[PDB]
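S.K.: So I've got this experimental structure, pasted below with the sequence.
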Amino acid sequence: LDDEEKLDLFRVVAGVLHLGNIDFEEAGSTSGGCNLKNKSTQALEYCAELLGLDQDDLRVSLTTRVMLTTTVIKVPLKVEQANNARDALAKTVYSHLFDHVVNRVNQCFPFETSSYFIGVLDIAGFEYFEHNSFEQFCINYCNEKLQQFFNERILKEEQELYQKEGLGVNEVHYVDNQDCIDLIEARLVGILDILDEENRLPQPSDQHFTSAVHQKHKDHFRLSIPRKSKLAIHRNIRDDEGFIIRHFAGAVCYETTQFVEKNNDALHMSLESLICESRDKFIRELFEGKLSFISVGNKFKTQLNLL
Amino acid sequence: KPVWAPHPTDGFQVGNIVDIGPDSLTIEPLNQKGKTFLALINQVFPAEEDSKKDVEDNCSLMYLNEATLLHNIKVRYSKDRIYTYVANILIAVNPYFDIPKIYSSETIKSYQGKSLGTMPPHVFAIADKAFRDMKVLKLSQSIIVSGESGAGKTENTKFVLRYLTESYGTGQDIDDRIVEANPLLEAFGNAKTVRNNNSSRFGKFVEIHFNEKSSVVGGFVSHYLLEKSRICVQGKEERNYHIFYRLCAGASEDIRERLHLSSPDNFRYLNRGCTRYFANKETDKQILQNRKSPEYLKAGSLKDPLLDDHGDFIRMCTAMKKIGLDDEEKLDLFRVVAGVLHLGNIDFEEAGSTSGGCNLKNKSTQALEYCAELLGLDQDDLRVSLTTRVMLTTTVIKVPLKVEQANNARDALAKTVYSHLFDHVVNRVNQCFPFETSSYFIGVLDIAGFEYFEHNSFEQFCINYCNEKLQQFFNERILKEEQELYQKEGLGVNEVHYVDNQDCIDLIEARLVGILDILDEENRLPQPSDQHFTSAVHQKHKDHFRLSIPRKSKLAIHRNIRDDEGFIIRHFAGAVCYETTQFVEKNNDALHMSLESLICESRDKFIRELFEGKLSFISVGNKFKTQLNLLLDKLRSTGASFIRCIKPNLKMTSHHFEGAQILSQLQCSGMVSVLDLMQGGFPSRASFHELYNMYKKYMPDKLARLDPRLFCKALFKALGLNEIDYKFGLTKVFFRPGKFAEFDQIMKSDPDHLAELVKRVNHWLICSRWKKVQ
Amino acid sequence: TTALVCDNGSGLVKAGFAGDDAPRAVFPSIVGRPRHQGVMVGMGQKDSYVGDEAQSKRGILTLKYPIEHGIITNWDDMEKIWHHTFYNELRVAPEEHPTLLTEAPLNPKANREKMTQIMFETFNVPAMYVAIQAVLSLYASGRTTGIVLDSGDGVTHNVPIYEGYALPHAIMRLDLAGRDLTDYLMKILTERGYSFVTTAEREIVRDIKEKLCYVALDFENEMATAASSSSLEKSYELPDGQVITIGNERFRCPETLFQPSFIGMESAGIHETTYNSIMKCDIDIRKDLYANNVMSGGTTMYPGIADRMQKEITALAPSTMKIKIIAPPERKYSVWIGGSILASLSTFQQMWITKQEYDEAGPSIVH
């Protein structure tokens, strides 16, 4: 990696830091519209210098919903959707930046004609804390799918081997965790199928999402309410503040604060025709009408089932 | 009993029936348990008891259907027996590699004069049968080779012509001219289609003449159907003709600078479709840099096992000196082909003094100087001939044309020159094998079968219309004539009527109300429209069962097509939607009288040699209907022979059998339909030699020394089978329904009783020794 | 598979599949039979041309909008609207899509029944829902509270909604806008000698209603500045080459929304229907009806609204109360962007009427 290219890597990381310093407000002529704060003018001049974009064309791209009638109009966004768009634009740049670093490294050991291969996975195990959120639910959900893999590769395949070596051994059935899979990722009725539908709803709510888990799955043995838990900590948590999923590794309570915000990864089309259209050669190299919000939890479910 | 189950990948797979009810046939696969699906009555077909058998004749099967016919071809593909007799139709499978000794001259000398069924099916067993009918009924025989393009219809045609000029003698001083000439005329007529890279867009008809002494007197090759529209407009994945890519990638720099030729993207007739060359790795570096277009630089060469554009230009110029074409005349042939390319670069506009008139563009002045130099005409006299309508009052006035009629006149003048150029090349070749006093003759047709694509236009409607007329010929020569033969051999058989396709003929070509009778009337109308032509089909034929609208179709693709964008004609080979875009433009072939008094009046001697008040627009669709019905009169007047060539895979490689595409070639060739009418009163009918091989294994060695004519007449007399259920013919045994399956269980039952009945009929043959001798 | 959002505009029928970008088909609803004799005889001419082809064939037809004052003229022309839309615009079979239809908040029975019933028996959709256009404009605006002003040709509406309930006794339907604004514009353009009297030529009037109209800040003071020699006069060009100069009448026509006395109808302006609907709502809720005043429809795209509407409401409304009038760009497609969000949401798939249950139930329960 050249030192002149390392300085452009530092300009992209610093541009994410001065993206977060942009603060919105309401106005308008539109009357409903979204504008920026007075303190965000000096921060927008230093942010557009690192990104390589014009300031006026970035200010009406963070605050509007571009659409066409083919003319191509612009429709100002709400303030909460502006704060979610700035945060989604910051997560979008770091996504393509992480894939660019591994592509620079993979280029230092290229491969030619292959057939056999030895893979080496390195992913964490059931890590549970005192306060658990969305990312701890994605780690424990990935551990429940890997443990169902271990139950059909360590227990099912092994007893196929006892019947291949002449030992015979009568089959012993294992307790399946498939019921947790058809709770977290079940189609239409799953937790990620209600979390991604909440973000599509106008005026999303954390109290509405918490009551929708208990309203949709009233009877499931893997699911419990905070008042049904015996642990003390959980005794301080209120009914609309979290829910308990029983896992193979234990029963873990997940708080519902900012769950919906964390499931927002909306890639606005006007910001796509801006980050692609950058004047900087490094950003161009980095990035080298459906579906509205796109989905975050089902973006990760696609990359988990592909692995 | 196991049946054949529809499988997506294999087409048909083995499986039993384990639950039954209306539209609820639960099929468990064989040896693949678990995958138990459901079917419909029309998708399930019964299977043969023995899986190791393979029969030369498919009327020797017990349960005859499409799945038992596709299994007999799959087993004989595995055992390398590509030539297979299905009734009176030869089915040939292309192996795409050379099989040992089947094309040997010892094989050809063996087959000579042998009777059918006595020797195994071969390409030369059809040509030997249609030589003894020259001495029996004394009628000229037409070999008709069918099958999808790239199926071997031209290579198997060269095998048939080599047998006729060898087995029955010589005839010609030089054989090899007939064989060698075919790739020469395929340089001019082959193109690239979505289905096949090397495809012929013309229907050649070889006419090998003979005499009353039964010796060859020479030949004559013609051609029917030429895709004239291809010159002007090409599809995205299609090329134009393969001579233009052999002239811009082949010819030298002291030929290209003399003809003022540039890269294909500069010429209007070559910049619409694909401009890429067919080349291999070694040839890619041999092609000059100035000949490579930006699209060739970006997307590279096209790959094929056989074709190479620069390679085929060397074998084109070698084949030119082998038909006696002079190099000075080859340069005038290159001036005519290059003159069509710089004709398309002429662009019109409006003006005038006439005020309504048509003029040319500023960019068309340099192109008109190079076009008139190749054609041999004056520039001023060609500019007021492309833009005016000359008429007389006898003075002779000139009336300027419209701009759309100028663009149609330039395109019609380009198609007119290539028409007379294609007839000039076959006249140069026919002159290398002239004929003298003839009487009998053996014709060989080579025309493509039902080729349907995802996007179908006018030329795909002319191919499917020609296939519906040829299939109505096959329904009155394979089904009508054959059941006349069952009543000539004493078999009798009650007549079974076939489903006619005459209703499609009186839809496409019906007088006054037909589709071509509305398409040719649209071009005569002032301001033609594609929306007016599409609504006129549904307005004129509102109720016809063969016609459907895009919204009435169930296929998805057709769901994207709008009502005024196309119409669906149901054919015997399937339902094909034809888009109406540029249909009217393709039906325009107007030959303006001022251009006729210009191309005839050329100052060049070669053009004069090429071309050696009614009706306005003349007609294109009825020009081709005239030449199609004239070829039908040559088929109804001659004795026909039916060869069908099946492509086993799209890769075009040996030992690969897809099973789904091959099934579609049995369904898009009438094979299933001919093998359902023919079943009639005697579904199984097997020859004496076939019944000797299938049942000798149940007989001891000593008893198996008998000849098959005596073994089949002693086994029929020993069993004492009833003649009304088991009819004994001259060379075959004809079995009534359910009695070949009952005869197979006779032979697979009591060996001691069957050997005792053979002993009894042997005793009768000792007594009937002298009775026959007088 | 995919659901289809088809908005029964009175303009301006709008059609497009479920999300995520803009409608696929928009057209001016006109059906027109040919009023002159053909002489060229061709033939091939259609019995009735729909839009857009009937806007390329002006002067040879007699244009008839099929929905007039929210009432469908006959379902013979309506079915041809539908058939044209699905087949020759969208290119889709109704058996492939559950559909979404729209209606007005207050419309006579059995106009939604007869519609729903005919569309189920003629086009045989597998499931259907009929939404009022105002509720969909709240989904589009992203608010769950407020009074919705949905103003299109030829029916405007005033619906108050509060999180997330509706108050039946406060919903107001005005038949004031917009075809009567077109007819009034045609009546005050005759006043300047521009004889646009014919049915077809009324579309040209509609184009001058779109582009050249503007609104005053205060009527009395704009009338003052009209007396001055200043250029309120704007020159439009007509398809036959004529140049039309309108000035005073240019701001006069939209002002009708604040003064229906100009047209001569007894009803009171949007100003007063806003106040009188708010003061039919309960005391506590009035606080949040103010500042969630949401405009919608194509006829609210006149330039001086909403800040005319703002200043006028602020004069009648209680003192020291904050008033904001929410008016985004794109209001003509507001309803459609609503519908797109609605039919895409789970679980409201099960608030669609399905064909099997409809077969038993018929027009009952729909309403």
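M.R.: Cool, the structure landed. Numbers count the residues shown, from 1 in each chain, chains lettered A, B, ... in the order given.
S.K.: residues near the residue nearest to residue A:1 when sequence neighbours are not counted, how many?
M.R.: Computed as C-beta to C-beta, 6 or more residues apart in numbering or on different chains, the closest residue to residue A:1 that is not its neighbour in sequence is residue A:104, at 6.4 Å. For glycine as for every other residue, the C-beta is placed from the backbone atoms N, C-alpha and C. For residue A:104, the count of nearby residues is 12 (other C-beta atoms under 10 Å in any protein chain shown).
S.K.: gap between residue A:286 and residue A:92?
M.R.: According to C-beta to C-beta, to the nearest Å, residue A:286 and residue A:92 sit 10 Å apart.
S.K.: what's the answer for residue A:268, then?
M.R.: Taking C-beta to C-beta, one finds residue A:268 at 10 Å from residue A:92.
S.K.: Who has more neighbours out of these two?
M.R.: residue A:268 (22 against 19).
S.K.: Could you list which residues are in contact with that one?
M.R.: A:61, A:65-66, A:85, A:88-89 (C-beta atoms under 8 Å, 6 or more residues apart in numbering or on different chains).
S.K.: can you pick the most crowded of those residues?
M.R.: residue A:85 (25 neighbours).
S.K.: looking at this, that one is in a helix?
M.R.: Yes - the assignment for residue A:85 by DSSP: H, G, I helix; E, B strand; the rest coil puts it in a helix.
S.K.: so what's residue C:151 bridging to?
M.R.: residue C:156 (DSSP bridges).
S.K.: Could I get the full set of helices for the chain?
M.R.: Here I'm looking at chain A. In chain A, the helices defined using DSSP state H lie at A:3-17, A:42-51, A:55-62, A:79-106, A:134-150, A:156-162, A:178-184, A:192-200, A:206-216, A:259-262, A:269-275, A:281-286, A:297-306.
S.K.: ah, I was thinking of chain C
M.R.: Using DSSP H, helices in chain C cover C:75-85, C:111-122, C:133-141, C:179-189, C:201-211, C:219-227, C:248-255, C:270-278, C:286-289, C:307-316, C:334-344, C:355-361.
S.K.: closest to chain B out of the ones you listed?
M.R.: Distance to chain B, taken as C-beta to the nearest C-beta, is lowest for helix C:75-85 among the helices of chain C, at 10.2 Å.
S.K.: out of the helices of chain C, which comes closest to chain A?
M.R.: helix C:133-141 (5.5 Å).
S.K.: chain center to that closest one: distance?
M.R.: From the chain centre to the centre of helix C:133-141 is a distance of 13 Å (C-alpha atoms, centre = their mean, to the nearest Å).
S.K.: just stretch A:112-120 next, same as before
M.R.: The answer for stretch A:112-120 is 30 Å, by C-alpha atoms, centre = their mean.
S.K.: which parts of that stretch are buried?
M.R.: Going by neighbour count (16 or more other C-beta atoms under 10 Å in any protein chain shown), nothing in stretch A:112-120 comes out as buried.
S.K.: How about stretch A:97-110?
M.R.: Within stretch A:97-110, judged by 16+ other C-beta under 10 Å, the buried ones are residue A:100.
S.K.: do stretch A:131-145 as well
M.R.: Applying 16+ other C-beta under 10 Å to stretch A:131-145 flags A:132-134, A:136-145 as buried.
S.K.: filter those down to the ones near chain B?
M.R.: Counting by C-beta under 8 Å from any C-beta of the partner chain, the subset of those that neighbours chain B is empty.
S.K.: OK, now which residue of chain C is nearest to chain B?
M.R.: Nearest residue of chain C to chain B, counting by C-beta to the nearest C-beta: residue C:44, 5.0 Å away.
S.K.: near chain C, which residues of the stretch 151-300 of chain A show up?
M.R.: Residues of the stretch 151-300 of chain A lying close to chain C (C-beta under 8 Å from any C-beta) are A:188, A:193, A:197, A:200-203, A:289-292.
S.K.: And the residues you listed, which of them are buried?
M.R.: Among these, the ones that count as buried by 16+ other C-beta under 10 Å are A:193, A:197, A:200-202, A:292.
S.K.: Need those residues in a markdown table (columns: distance to residue C:357).
M.R.: Below are these laid out as a markdown table (distance: C-beta to C-beta, whole Å):
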| residue | distance to residue C:357 |
| --- | --- |
| A:193 | 25 |
| A:197 | 24 |
| A:200 | 27 |
| A:201 | 26 |
| A:202 | 28 |
| A:292 | 30 |
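S.K.: okay, now residue C:36: neighbour count?
M.R.: 9.
S.K.: ok so, going back, closest to chain C out of the residues of the stretch 151-300 of chain A next to chain C?
M.R.: Nearest member of these to chain C, counting by C-beta to the nearest C-beta, is residue A:289, at 3.0 Å.
S.K.: My guess is the closest one contacts residue C:17. True?
M.R.: No - shown here, residue A:289 and residue C:17 do not form a contact pair, counting by C-beta atoms under 8 Å, at 10.5 Å.
S.K.: What residue in the stretch 201-350 of chain C comes nearest to chain A?
M.R.: For the stretch 201-350 of chain C, C-beta to the nearest C-beta, closest residue to chain A: residue C:326, 4.3 Å.
S.K.: Just want the phi and psi numbers for residue C:175.
M.R.: For residue C:175, the backbone dihedrals (degrees, to the nearest 10) come out as phi -90, psi 20.
S.K.: wait, doesn't it sit right on residue C:151?
M.R.: No - under the criterion of C-beta under 8 Å, residue C:175 makes no contact with residue C:151, lying 11.4 Å away.
S.K.: who has more neighbours, these two?
M.R.: Neighbours per residue (other C-beta under 10 Å) separate residue C:175 from residue C:151, with residue C:151 holding more: 25 against 14.
S.K.: And for residue 75, the neighbour number?
M.R.: Using chain A here. For residue A:75, the neighbour count with other C-beta under 10 Å is 19.
S.K.: I was after chain C.
M.R.: 17.
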